[PDB]
Structure formats: C-alpha cells, structure tokens
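The residues of the chain are indexed from 1 along the displayed sequence. When a ligand or atom number is given, it counts from 1 through the structure's own listing order.
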Amino acid sequence: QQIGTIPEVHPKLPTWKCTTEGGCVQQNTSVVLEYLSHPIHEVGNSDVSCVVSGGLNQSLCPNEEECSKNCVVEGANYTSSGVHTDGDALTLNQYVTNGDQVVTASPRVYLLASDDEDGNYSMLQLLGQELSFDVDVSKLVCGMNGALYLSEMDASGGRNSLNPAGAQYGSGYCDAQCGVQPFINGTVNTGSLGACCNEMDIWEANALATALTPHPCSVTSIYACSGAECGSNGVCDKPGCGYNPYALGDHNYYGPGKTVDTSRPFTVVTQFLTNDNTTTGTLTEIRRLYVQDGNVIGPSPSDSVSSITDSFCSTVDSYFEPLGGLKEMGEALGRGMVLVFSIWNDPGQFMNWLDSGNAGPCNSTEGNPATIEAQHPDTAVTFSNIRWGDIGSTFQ
Ligand SMILES: *[C@@H]1O[C@H](CO)[C@@H](O[C@@H]2O[C@H](CO)[C@@H](O[C@@H]3O[C@H](CO)[C@@H](O)[C@H](O)[C@@H]3O)[C@H](O)[C@H]2NC(C)=O)[C@H](O)[C@H]1NC(C)=O
Ligand SMILES: *[C@@H]1O[C@H](CO)[C@@H](O)[C@H](O)[C@H]1NC(C)=O
Ligand SMILES: *[C@@H]1O[C@H](CO)[C@@H](O)[C@H](O)[C@H]1NC(C)=O
Ligand SMILES: *[C@@H]1O[C@H](CO)[C@@H](O)[C@H](O)[C@H]1NC(C)=O
Ligand SMILES: *[C@@H]1O[C@H](CO)[C@@H](O)[C@H](O)[C@H]1NC(C)=O
C-alpha cells in the first residue's frame with residue numbers, strides 16, 4: 001500500500017538514554033499508531049477500505065503487488081484514536097466520545113527514533129541495562145491492561161517498495177502471541193499466518209495487579225507462523241513466565257493504599273542483569289524496583305522469589321527453557337527491540353489472568369468490558385519520564 005496525502009504527524013515524546021559517567025541525555029523520540037489504526041483504502045475511493053472485518057479485502061489485495069497498487073495508507077487522527085502527549089508524558093485512553101456515543105479506541109503505539117521519511121523505530125538494547133518509567137495507573141480499573149513492552153519487530157517495520165510506509169506508519173507489529181493479522185512484516189498475509197517474535201512484557205497492569213512476563217520464541221526477529229507453529233507451545237511461548245507479586249505471596253505489595261500505592265503515580269525500574277555485569281554477558285536475572293515518595297521499594301520478602309530467573313520460570317512455565325530461557329531472551333534484548341505502549345480490555349476472559357483469582361483482588365465479572373464502558377469510560381494510563389541505560393543510572 002502506497003502513502004496517501006493525509007499527513008502523518010507523530011505525537012512527540014522525548015525519552016532519555018542514561019549512563020553512569022555521562023548521565024541522562026534526551027532523545028527527540030516520537031510515537032506512532034499501529035498500521036491498522038491508519039485509514040487504508042482504495043486509491044479511487046476512501047469509502048472502500050482495504051482492511052475489512054479485520055482481514056484483507058480480497059478483491060483489492062489478492063497479493064502484495066495488487067494490494068500495493070490498489071490501496072493507500074493515510075495519516076491518522078491521534079486524538080480520535082485515544083493518544084495524547086504532553087511534555088514527556090504519553091496518555092492512552094481506552095474510549096473516545098462523539099457526544100452520547102462511546103467508541104472503543106484502545107490504541108497501540110511504537111517509539112520512533114526519527115520522523116524522517118525513512119525513520120526507524122528506536123531499537124532499545126537492554127541486555128545488561130535497565131529501563132525506568134513513571135506511570136499513573138490510578139484510572140485503570142479491573143479488567144483493564146495498560147502495557148509497556150518490547151517486541152523484536154523489524155527496525156523499519158517491513159519497509160520496501162510495495163510497503164513504503166514502514167515504521168513511519170506503524171508497520172510490522174509482532175509479538176509472542178503469533179496473532180493472525182492482514183499484513184506481516186509489511187507483506188500481505190493472504191491466509192492465516194501469524195506474526196511471531198520474541199516479546200518482553202515489562203509492564204502489564206491496572207491499579208489492582210501487575211505482571212512482568214518474558215515470552216521467548218525459537219526465532220529471531222519477526223516470523224510468519226503456519227499451523228501448529230502458531231500454537232501455544234509452537235515457535236513462541238504464548239503463556240510466558242509471568243511474575244505477579246500478588247500471585248507469588250504478598251497481597252499487600254501492589255495496589256490502592258498498598259506498599260506500591262497505585263492510588264497515585266510511581267516509578268517502575270526493570271534491570272536485565274547479566275552474569276558478568278556487562279552488556280554482552282548472559283541474561284541471568286530480571287529484577288524489579290519501584291520508587292515512590294522518594295523511596296526505593298525492592299522485591300517483597302513475602303514473595304516466594306525476589307526476581308525472575310530460569311528456575312523460577314520453569315516452575316511457572318515449562319516451555320520457557322526449551323525456547324532458550326533468559327539467555328536467548330537477553331540475546332533478543334541485545335539485538336534490539338521496539339518499545340510498545342498499549343491500553344486494552346478483554347471481552348473473553350476480562351483480564352482475570354492479571355487481576356482476579358490468585359492473581360489479584362478483582363471480582364470475576366468486575367472487568368467485563370460492558371461494565372467498563374458503561375461505568376468507567378474515562379479509563380486511561382499515563383506513561384512518562386522514560387529512561388533506559390546503565391544499571392542504576394535511570395532513577396533517583
Ligand atoms: C521484514 O521486512 C523487511 C523489509 O522487506 C526485510 O528487510 C530487508 O531484507 C532484505 C533481505 O531479504 C534486504 O535485501 C537485501 O539487502 C542487502 C543489504 O545489504 C542487499 O545487499 C541484498 O542484495 C538484498 O537486496 C533488505 O535490505 C532489507 N531491508 C531493510 C529495510 O532492512 C526484513 O528482512 C524482513 N524480516 C524478516 C525477519 O523476514
Ligand atoms: C534533541 O533535539 C535537539 C535540538 O534539535 C538536539 O540538539 C539534540 O541533539 C537532540 N537529541 C539527540 C539525541 O539527538
Ligand atoms: C480528530 O477527531 C476529533 C474528534 O474525533 C476532532 O475534534 C478533531 O478535529 C479531529 N482532527 C482532525 C485533523 O480531523
Ligand atoms: C552486577 O550488578 C548488580 C546491580 O547492582 C550489583 O549489585 C552486583 O554487585 C554486580 N555484580 C555481580 C557479580 O552481581
Ligand atoms: C461480584 O461477583 C458476584 C458473583 O456472581 C456477582 O454477582 C457480582 O455482579 C459481582 N460484582 C460486580 C461484577 O461488580
């Protein structure tokens with residue numbers, strides 16, 4: 001699909017790269033909506049969409065050349081898609097409103113390194129490094145998921161002559177869920193392939209519960225899976241090695257009025273520690289700290305473990321180590337990965353895996369999207385003050 005005329009204007013979102021000796025240095029980064037959140041329509045006629053019912057218009061897109069000729073991708077309206085930036089803060093709204101009508105926006109955005117015509121995503125290399133961000137989750141109710149994570153997408157988003165849009169229009173998404181989507185790495189997916197790649201879920205959370213989940217794959221960068229390759233233990237680890245402090249033994253660590261008080265903003269620090277403390281060693285531990293009220297809050301001693309390691313993970317996820325465990329996870333982090341921000345909810349299981357049952361305090365039906373939309377249409381997440389770099393150099 002070629003590039004139409006409605007301009008694509010990326011909300012600016014400064015970030016920081018930090019070092020022990022040099023301190024933090026601001027990057028002129030910005031943020032881009034998912035490709036499929038852009039209008040993609042026929043050259044003649046902006047009423048004829050090329051993506052209908054979440055799949056390809058077969059008349060226009062039987063293959064990549066025909067789709068490239070028949071279709072154009074347009075610039076997106078970021079506010080109607082629920083995306084706002086103010087200084088160093090990104091706000092993602094789940095819902096937007098005409099007047100009486102509420103519209104599911106549920107945006108997903110990617111961090112861009114450049115806004116040039118050939119600008120690529122930022123390729124964060126976090127092996128032997130840390131990432132910190134401030135977050136306000138106080139408006140994220142049961143069933144909501146505000147997420148900040150990493151995917152081994154292609155730095156150009158699959159840019160080529162038939163997909164000239166690339167990273168500048170949000171192209172090339174993939175994750176460990178191997179989801180079926182109409183374009184994979186910038187190429188038309190005519191039939192049922194899934195878009196797979198290593199995924200590091202730094203942050204999935206609402207005000208009631210939080211999870212940190214590495215999801216390894218047996219591939220490097222993006223991969224179109226077929227058949228059983230897309231299964232739950234196929235080329236990727238769909239369940240992943242989930243770390244949730246409520247589930248692991250401390251119901252008073254995280255939440256409203258709790259040790260990490262989600263009633264008000266806080267800082268999330270994630271350290272990817274290597275055996276030899278270098279950015280080229282082997283990832284052997286993932287460690288989580290919070291900062292709130294100028295206090296560093298370490299792992300709860302009431303939790304069964306204090307960090308993610310391979311032996312932890314094998315207790316919760318028997319497919320983590322066959323796909324290379326933390327060593328290959330760290331190799332993906334060392335090659336470089338795309339920073340992804342999203343907000344979403346779940347008409348199927350209501351996020352009960354995140355915040356209900358053993359995992360959190362929510363009533364089983366509290367996170368029904370129907371009640372969320374009726375009662376909490378303003379639910380939203382704000383990420384800010386995003387910094388990555390040398391261990392210890394990104395926070396207080
Ligand atoms: C995802 O899609 C992108 C965009 O098509 C793929 O990137 C491209 O990969 C091809 C290889 O099939 C590269 O072509 C070759 O490039 C080298 C450059 O040194 C050239 O010497 C060769 O003669 C050949 O033309 C192309 O450069 C590259 N483009 C970009 C922007 O990186 C990518 O491979 C796909 N990823 C996966 C995992 O399939
Ligand atoms: C951010 O923008 C300013 C002004 O153009 C520039 O001086 C600075 O070098 C930029 N940051 C980076 C990392 O290039
Ligand atoms: C984007 O949409 C909102 C409402 O949906 C509207 O107020 C705004 O003017 C739109 N922007 C453009 C450029 O059309
Ligand atoms: C590696 O970095 C951590 C981070 O503070 C530090 O505590 C530790 O002493 C370093 N060395 C080893 C061998 O863990
Ligand atoms: C809490 O759970 C009970 C169990 O059936 C349910 O009847 C009630 O509606 C739930 N509360 C909500 C969804 O707010």
- Query: Backbone N or O of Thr220 within a donor-acceptor pair of the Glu152 side chain at under 3.5 Å?
  - Reply: no
Q) Less than 2.5 Å separating the SG atoms of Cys230 and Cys178? A) no
Would you say the ring centroid of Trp203 lies under 6.0 angstrom from that of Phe383? no
For this session: Please answer whether the main-chain N or O of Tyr173 pairs with a side-chain N or O of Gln181 as donor and acceptor at a distance below 3.5 Å.
Result: yes
So the atoms of ligand 5 within less than 4.0 Å of a heavy atom of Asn363 turn out to be 1 (C), 2 (O), 3 (C), 8 (C), 10 (C), 11 (N), 12 (C)
_Short side-chain to backbone donor-acceptor contact, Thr85 and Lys12, under 3.5 Å_ = yes
Can you list the steps and then say if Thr278 with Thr280 is a side-chain hydrogen bond (donor to acceptor under 3.5 Å, both in side chains)? CA-CA 5 Å; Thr278 70; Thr280 59; 3.3 Å; yes
Q) Would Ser156 count as a contact of ligand 1 if the rule is a heavy atom under 4.0 Å away? A) yes
(Q) My question is simple, although I want it checked carefully: is atom 15 (C) of ligand 1 less than 4.0 angstrom from any protein heavy atom? (A) no
I'd like to know if atom 37 (C) of ligand 1 has any protein heavy atom within a distance of less than 4.0 Å.
yes
In short, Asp303 meets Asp250 closest at the heavy-atom pair OD1-N, 3.2 Å
Does the protein put a heavy atom less than 4.0 Å from atom 4 (C) of ligand 1?
yes
Do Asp154 and ligand 1 have an N or O pair less than 3.5 Å apart? no
Exercise. Compute whether any side-chain donor of one residue and acceptor of the other, for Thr267 and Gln292, lie under 3.5 angstrom apart.
Key: no
Nearest heavy-atom approach of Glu204 to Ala147 is CG-CB, 3.9 Å
*Using the side-chain hydrogen bond (donor to acceptor under 3.5 Å, both in side chains) rule, take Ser311 and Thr309 through it: C-alpha gap first, then chi angles, then the decisive distance, then the call.*
CA-CA 6 Å; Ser311 60; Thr309 67; 3.3 Å; yes
Output side-chain donor-acceptor pairs under 3.5 Å for residues 88-98, partner residues at least two apart or in another chain, one line each.
{"from": "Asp88", "atom 1": "OD2", "to": "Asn385", "atom 2": "N", "distance (Å)": "3.3"}
{"from": "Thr91", "atom 1": "OG1", "to": "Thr382", "atom 2": "OG1", "distance (Å)": "2.9"}
{"from": "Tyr95", "atom 1": "OH", "to": "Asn345", "atom 2": "ND2", "distance (Å)": "2.9"}

Residue, atom and distance of the protein heavy atom nearest atom 2 (O) of ligand 1 read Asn185 ND2, 2.3 Å
Can you check whether a protein heavy atom sits less than 4.0 angstrom from atom 7 (O) of ligand 1? no
For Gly158, the atoms of ligand 1 under 4.0 Å from one of its heavy atoms are 2 (O), 3 (C), 4 (C)
Note down each nitrogen or oxygen pair, ligand 2 side and protein side, whose separation is under 3.5 Å; give only atom names and the distance to 0.1 Å.
{"from": "ligand 2", "atom 1": "2 (O)", "to": "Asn28", "atom 2": "OD1", "distance (Å)": "3.3"}
{"from": "ligand 2", "atom 1": "2 (O)", "to": "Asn28", "atom 2": "ND2", "distance (Å)": "2.3"}
{"from": "ligand 2", "atom 1": "11 (N)", "to": "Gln26", "atom 2": "O", "distance (Å)": "3.2"}
{"from": "ligand 2", "atom 1": "11 (N)", "to": "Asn28", "atom 2": "OD1", "distance (Å)": "3.4"}
{"from": "ligand 2", "atom 1": "11 (N)", "to": "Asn28", "atom 2": "ND2", "distance (Å)": "3.2"}

Practice prompt. Could you tell me whether atom 22 (C) of ligand 1 has at least one protein heavy atom nearer than 4.0 Å?
Written response: no
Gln168 and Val32 have their tightest heavy-atom pair at O-CG2, 3.7 Å
Residue, atom and distance of the protein heavy atom nearest atom 29 (N) of ligand 1 read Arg159 O, 4.6 Å
Heavy atoms of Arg287 and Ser307 approach each other most closely as CA-CB, 4.4 Å
One finds that the ligand 5 atoms under 4.0 Å from a non-hydrogen atom of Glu366 are 11 (N), 12 (C), 13 (C), 14 (O)
Under 4.0 Å from one or more heavy atoms of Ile222, ligand 1 contributes atoms 36 (N), 37 (C), 38 (C)
Next on the checklist: Would the distance check show the side chain of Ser30 and the main-chain N or O of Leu13 forming a donor-acceptor pair, the cut-off being under 3.5 Å?
Outcome noted: no
* Asked: Heavy atoms of the protein only: does one fall short of 4.0 Å from atom 27 (O) of ligand 1?
  -> no
Hey, is atom 32 (O) of ligand 1 under 4.0 Å from any protein heavy atom? no
Ligand 1 to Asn160, heavy atom cutoff 4.0 Å, flagged ligand atoms 5 (O)
